[PDB]
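First comes the structure, then the notes that go with it.
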Amino acid sequence: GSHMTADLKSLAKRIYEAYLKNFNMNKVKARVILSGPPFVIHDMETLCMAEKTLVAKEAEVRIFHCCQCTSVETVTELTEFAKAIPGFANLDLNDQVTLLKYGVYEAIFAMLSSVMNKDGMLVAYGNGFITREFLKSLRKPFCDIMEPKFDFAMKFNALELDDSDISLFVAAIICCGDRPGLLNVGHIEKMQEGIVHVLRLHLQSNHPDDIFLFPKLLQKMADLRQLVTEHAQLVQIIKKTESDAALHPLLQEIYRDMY
Amino acid sequence: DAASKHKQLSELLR
Ligand SMILES: CCCCCCCCCCCCCCCC(=O)O
């Protein structure tokens, strides 16, 4: 003879659940694997072996093609994650497109930290480990794609975030009123403020030993925006000057007129 | 129009 309401679960928990539902790889899963058996790619021969029995031109071009495939899978994961962020799918279609366009690579290099240590990174759905040195050994311009992402990750990983923290950080990256060309900038600023408020509160509960963790993560978001600007520059050079380095259409769309 | 400049991303979001 009344009407009681749903609940609801805390927004931080719902974003964390959306992140576990939508991403194949997470920091718990990657750390399990990285501790201990992924096949190590550390030279040309181990690369040909991993390729033969795992992924069915010139070596640098195949590593870059594998880089893109990973990005496309993750872009698709990020799009589904975005749709689970309350308010996101009620935005104009154009604004959703714009938020993802500018945000996916910031989110990709943020989450990439979870599968990287100082020696290398997990690849191929956790089944390979490619060493940082091997990546440095490739010929230009391919020898410098990954190293800046490793440098960001070593310092990001030192913050000791867990998946509950990263899901909100990623959500704040996506729900960003800073992006060029937004029309309903007011609605998106309110959505972002709500996400960032829950992030700030979550970091206080989850990391009470580190009272500057929230300003540290704000800086990391600005570091990520710069990292992506430089990445896209590097990607343009590769496309321009390597005829085998064709770009997947979804990724071209994203880079097209980005920075 | 973002949506038309991003047809595959657009498709992912429908
Ligand atoms: C079995 C061969 C191993 C393939 C090694 C590729 C691992 C790449 C993982 C992340 C790549 C980052 C994305 C850069 C390319 C881009 O989308 O612009």
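Residue numbers start at 1 in each chain; chains themselves are named A, B, ... in the order of the structure tokens; ligands are numbered from 1 in the order shown.
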Skip range 175-190 of chain A itself and residues of its chain fewer than 6 positions away, then list as a list in words all residues within 7 Å of it, counting only C-alpha atoms. residues 95, 98, 99 and 102 of chain A
Residue selection dump (N, CA, C and O atoms) as a PDB file, in the first residue's frame:
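out_9.pdb written:
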```
ATOM      1  N   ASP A  95      27.744  14.574 -29.390  1.00  0.00           N
ATOM      2  CA  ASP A  95      28.563  14.831 -28.213  1.00  0.00           C
ATOM      3  C   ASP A  95      29.154  13.546 -27.666  1.00  0.00           C
ATOM      4  O   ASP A  95      30.273  13.555 -27.151  1.00  0.00           O
ATOM      5  N   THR A  98      32.049  12.901 -29.854  1.00  0.00           N
ATOM      6  CA  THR A  98      33.147  13.823 -29.586  1.00  0.00           C
ATOM      7  C   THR A  98      33.866  13.463 -28.297  1.00  0.00           C
ATOM      8  O   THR A  98      35.096  13.552 -28.214  1.00  0.00           O
ATOM      9  N   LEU A  99      33.109  13.095 -27.264  1.00  0.00           N
ATOM     10  CA  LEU A  99      33.746  12.727 -26.013  1.00  0.00           C
ATOM     11  C   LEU A  99      34.613  11.496 -26.212  1.00  0.00           C
ATOM     12  O   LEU A  99      35.754  11.469 -25.752  1.00  0.00           O
ATOM     13  N   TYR A 102      38.037  12.240 -28.386  1.00  0.00           N
ATOM     14  CA  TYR A 102      39.116  12.830 -27.621  1.00  0.00           C
ATOM     15  C   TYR A 102      39.500  11.982 -26.422  1.00  0.00           C
ATOM     16  O   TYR A 102      40.647  12.042 -25.971  1.00  0.00           O
TER      17      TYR A 102
END
```
Exercise answer, chain B residues close to chain A, 7 Å and only C-alpha atoms, as JSON, numbers by chain: {"B": [1, 2, 3, 6, 8, 9, 10, 12, 13]}
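Among all protein and nucleic acid residues, the ones that lie within 6 Å of ligand 1 when counting only C-alpha atoms and all ligand atoms are residues 50, 51, 63, 66, 67, 68, 70, 71 and 123 of chain A.
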Applying 12 Å and only C-alpha atoms, which residues near range 36-48 of chain A remain after dropping the ones on its own chain fewer than 3 positions away? List them as a PyMOL selection string. chain A and resi 29-33+51-60+62-63+66+119-138
Let's have the selection written as a compact mmCIF listing (two decimals), in the first residue's frame, with N, CA and C atoms.
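In the end it all went to result-v4.txt:
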```txt
# COMPACT_ATOMS: atom_id res chain seq x y z
N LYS A 29 43.61 -9.02 -13.13
CA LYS A 29 43.92 -10.11 -14.06
C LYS A 29 45.36 -10.03 -14.55
N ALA A 30 45.82 -8.82 -14.92
CA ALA A 30 47.18 -8.66 -15.45
C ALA A 30 48.23 -8.99 -14.40
N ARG A 31 48.03 -8.54 -13.16
CA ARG A 31 49.00 -8.86 -12.11
C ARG A 31 49.05 -10.35 -11.80
N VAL A 32 47.91 -11.03 -11.79
CA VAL A 32 47.96 -12.49 -11.69
C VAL A 32 48.93 -13.05 -12.73
N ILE A 33 48.70 -12.71 -14.00
CA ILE A 33 49.50 -13.23 -15.10
C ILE A 33 50.97 -12.82 -14.94
N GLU A 51 53.91 -14.96 -33.34
CA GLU A 51 52.98 -14.70 -34.43
C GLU A 51 52.43 -16.00 -35.00
N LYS A 52 53.30 -16.94 -35.35
CA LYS A 52 52.84 -18.16 -36.00
C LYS A 52 51.75 -18.84 -35.19
N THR A 53 52.00 -19.04 -33.90
CA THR A 53 51.07 -19.78 -33.06
C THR A 53 50.39 -18.85 -32.06
N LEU A 54 49.61 -17.89 -32.57
CA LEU A 54 48.88 -16.92 -31.75
C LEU A 54 48.16 -15.89 -32.61
N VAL A 55 48.80 -15.40 -33.67
CA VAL A 55 48.12 -14.49 -34.58
C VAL A 55 48.15 -15.07 -36.00
N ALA A 56 48.09 -16.39 -36.11
CA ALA A 56 47.96 -17.02 -37.42
C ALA A 56 49.20 -16.85 -38.29
N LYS A 57 54.41 -8.69 -43.49
CA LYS A 57 55.37 -7.73 -44.04
C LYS A 57 56.61 -7.63 -43.16
N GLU A 58 57.20 -6.44 -43.19
CA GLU A 58 58.29 -6.12 -42.29
C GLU A 58 57.83 -6.15 -40.83
N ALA A 59 58.72 -6.60 -39.95
CA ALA A 59 58.38 -6.86 -38.55
C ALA A 59 57.74 -5.63 -37.88
N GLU A 60 58.33 -4.45 -38.09
CA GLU A 60 57.79 -3.25 -37.45
C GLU A 60 56.36 -3.00 -37.88
N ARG A 62 54.10 -5.28 -38.74
CA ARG A 62 53.22 -6.24 -38.07
C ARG A 62 53.05 -5.91 -36.58
N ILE A 63 54.07 -5.37 -35.93
CA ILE A 63 53.88 -4.94 -34.55
C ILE A 63 52.92 -3.75 -34.50
N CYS A 66 49.43 -5.02 -35.09
CA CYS A 66 48.97 -5.56 -33.82
C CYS A 66 48.64 -4.46 -32.82
N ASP A 119 59.93 -4.04 -17.46
CA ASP A 119 60.60 -4.82 -18.50
C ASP A 119 59.78 -5.02 -19.78
N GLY A 120 58.47 -4.76 -19.77
CA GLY A 120 57.64 -5.14 -20.90
C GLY A 120 56.16 -4.99 -20.57
N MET A 121 55.31 -5.47 -21.50
CA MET A 121 53.86 -5.36 -21.41
C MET A 121 53.20 -6.64 -21.90
N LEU A 122 52.07 -6.97 -21.29
CA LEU A 122 51.25 -8.06 -21.76
C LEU A 122 50.61 -7.67 -23.08
N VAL A 123 50.49 -8.63 -24.00
CA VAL A 123 49.84 -8.43 -25.29
C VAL A 123 49.00 -9.66 -25.60
N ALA A 124 48.14 -9.55 -26.62
CA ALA A 124 47.41 -10.71 -27.13
C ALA A 124 46.56 -11.35 -26.04
N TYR A 125 45.74 -10.53 -25.38
CA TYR A 125 44.77 -11.03 -24.41
C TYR A 125 45.45 -11.79 -23.28
N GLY A 126 46.60 -11.26 -22.86
CA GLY A 126 47.36 -11.83 -21.78
C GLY A 126 48.26 -12.99 -22.17
N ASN A 127 48.35 -13.35 -23.45
CA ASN A 127 49.09 -14.57 -23.81
C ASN A 127 50.52 -14.31 -24.25
N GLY A 128 50.91 -13.06 -24.41
CA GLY A 128 52.26 -12.73 -24.79
C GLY A 128 52.75 -11.61 -23.89
N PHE A 129 54.06 -11.53 -23.78
CA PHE A 129 54.74 -10.47 -23.06
C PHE A 129 55.83 -9.96 -23.99
N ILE A 130 55.72 -8.71 -24.43
CA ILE A 130 56.72 -8.14 -25.33
C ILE A 130 57.60 -7.23 -24.50
N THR A 131 58.92 -7.39 -24.63
CA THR A 131 59.84 -6.67 -23.76
C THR A 131 59.98 -5.24 -24.24
N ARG A 132 60.20 -4.37 -23.26
CA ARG A 132 60.42 -2.96 -23.53
C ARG A 132 61.66 -2.77 -24.41
N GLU A 133 62.73 -3.53 -24.14
CA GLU A 133 63.93 -3.33 -24.96
C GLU A 133 63.68 -3.71 -26.40
N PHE A 134 63.03 -4.84 -26.64
CA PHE A 134 62.73 -5.20 -28.02
C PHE A 134 62.02 -4.05 -28.72
N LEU A 135 61.02 -3.46 -28.05
CA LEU A 135 60.30 -2.34 -28.64
C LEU A 135 61.24 -1.18 -28.93
N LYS A 136 62.20 -0.93 -28.03
CA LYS A 136 63.16 0.13 -28.28
C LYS A 136 64.08 -0.17 -29.44
N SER A 137 64.25 -1.45 -29.81
CA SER A 137 65.22 -1.87 -30.81
C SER A 137 64.70 -1.74 -32.24
N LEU A 138 63.40 -1.56 -32.43
CA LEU A 138 62.84 -1.43 -33.76
C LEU A 138 63.42 -0.20 -34.44
```
Considering only C-alpha atoms, return as a PyMOL selection string whatever protein or nucleic-acid residues lie within 9 Å of residue 109 in chain A, sequence-local ones (same chain, fewer than 2 positions apart) excluded. chain A and resi 104-107+111-113+149+152-153+224+227-228
Where in chain B does DSSP assign helix (DSSP H, G or I), given as a PDB file with N, CA, C and O atoms, in the first residue's frame?
```pdb
ATOM      1  N   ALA B   2      29.868  15.906 -35.919  1.00  0.00           N
ATOM      2  CA  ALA B   2      30.715  14.829 -35.426  1.00  0.00           C
ATOM      3  C   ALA B   2      30.209  13.470 -35.899  1.00  0.00           C
ATOM      4  O   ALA B   2      30.979  12.636 -36.379  1.00  0.00           O
ATOM      5  N   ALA B   3      28.902  13.240 -35.794  1.00  0.00           N
ATOM      6  CA  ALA B   3      28.370  11.911 -36.062  1.00  0.00           C
ATOM      7  C   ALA B   3      28.685  11.460 -37.482  1.00  0.00           C
ATOM      8  O   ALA B   3      29.014  10.289 -37.711  1.00  0.00           O
ATOM      9  N   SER B   4      28.586  12.378 -38.451  1.00  0.00           N
ATOM     10  CA  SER B   4      28.828  12.018 -39.838  1.00  0.00           C
ATOM     11  C   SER B   4      30.320  11.944 -40.150  1.00  0.00           C
ATOM     12  O   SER B   4      30.726  11.182 -41.041  1.00  0.00           O
ATOM     13  N   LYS B   5      31.151  12.712 -39.438  1.00  0.00           N
ATOM     14  CA  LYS B   5      32.594  12.587 -39.609  1.00  0.00           C
ATOM     15  C   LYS B   5      33.156  11.347 -38.930  1.00  0.00           C
ATOM     16  O   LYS B   5      34.358  11.095 -39.043  1.00  0.00           O
ATOM     17  N   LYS B   7      31.699   7.660 -38.665  1.00  0.00           N
ATOM     18  CA  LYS B   7      30.613   6.759 -39.022  1.00  0.00           C
ATOM     19  C   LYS B   7      30.738   5.409 -38.320  1.00  0.00           C
ATOM     20  O   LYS B   7      29.722   4.805 -37.945  1.00  0.00           O
ATOM     21  N   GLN B   8      31.972   4.924 -38.114  1.00  0.00           N
ATOM     22  CA  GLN B   8      32.183   3.660 -37.404  1.00  0.00           C
ATOM     23  C   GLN B   8      32.040   3.829 -35.894  1.00  0.00           C
ATOM     24  O   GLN B   8      31.407   3.005 -35.225  1.00  0.00           O
ATOM     25  N   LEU B   9      32.642   4.882 -35.341  1.00  0.00           N
ATOM     26  CA  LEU B   9      32.371   5.256 -33.958  1.00  0.00           C
ATOM     27  C   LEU B   9      30.886   5.522 -33.749  1.00  0.00           C
ATOM     28  O   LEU B   9      30.294   5.086 -32.746  1.00  0.00           O
ATOM     29  N   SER B  10      30.276   6.253 -34.684  1.00  0.00           N
ATOM     30  CA  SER B  10      28.834   6.477 -34.667  1.00  0.00           C
ATOM     31  C   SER B  10      28.079   5.163 -34.559  1.00  0.00           C
ATOM     32  O   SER B  10      27.165   5.017 -33.740  1.00  0.00           O
ATOM     33  N   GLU B  11      28.463   4.187 -35.378  1.00  0.00           N
ATOM     34  CA  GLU B  11      27.776   2.902 -35.395  1.00  0.00           C
ATOM     35  C   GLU B  11      27.916   2.197 -34.050  1.00  0.00           C
ATOM     36  O   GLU B  11      26.947   1.636 -33.523  1.00  0.00           O
ATOM     37  N   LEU B  12      29.115   2.242 -33.466  1.00  0.00           N
ATOM     38  CA  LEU B  12      29.320   1.649 -32.151  1.00  0.00           C
ATOM     39  C   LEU B  12      28.418   2.266 -31.088  1.00  0.00           C
ATOM     40  O   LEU B  12      28.101   1.604 -30.098  1.00  0.00           O
ATOM     41  N   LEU B  13      27.986   3.511 -31.258  1.00  0.00           N
ATOM     42  CA  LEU B  13      27.248   4.176 -30.187  1.00  0.00           C
ATOM     43  C   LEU B  13      25.731   4.067 -30.306  1.00  0.00           C
ATOM     44  O   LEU B  13      25.033   4.436 -29.353  1.00  0.00           O
TER      45      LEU B  13
END
```
One decimal, in Å: what's the spacing between CA of residue 20 in chain A and CA of residue 118 in chain A? 25.2 Å
Excluding residue 85 in chain A and residues on its chain fewer than 4 positions from it, collect all residues at most 9 Å away from it, counting only C-alpha atoms, and give them as an MDAnalysis selection string. chainID A and resid 11 14:15 18 81 89 171 175
Can those selected residues be exported to a file as a CSV table (one decimal), in the first residue's frame so that it contains C-alpha atoms?
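File written: part.csv
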```
chain,number,residue,atom,x,y,z
A,11,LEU,CA,27.9,5.5,-8.4
A,14,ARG,CA,28.3,1.0,-10.5
A,15,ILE,CA,31.1,2.5,-12.6
A,18,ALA,CA,30.6,-1.4,-15.7
A,81,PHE,CA,31.8,1.3,-20.9
A,89,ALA,CA,23.7,7.9,-23.5
A,171,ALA,CA,35.0,7.7,-16.4
A,175,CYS,CA,33.0,12.6,-19.4
```
How many Å lie between CA of residue 91 in chain A and CA of residue 73 in chain A, rounded to one decimal? 23.4 Å
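Comparing A:199, A:241, A:212, A:234 by their smallest distance to residue 10 in chain A, the closest is A:199 (using only C-alpha atoms).
CA of residue 166 in chain A lies 10.1 Å from CA of residue 217 in chain A.
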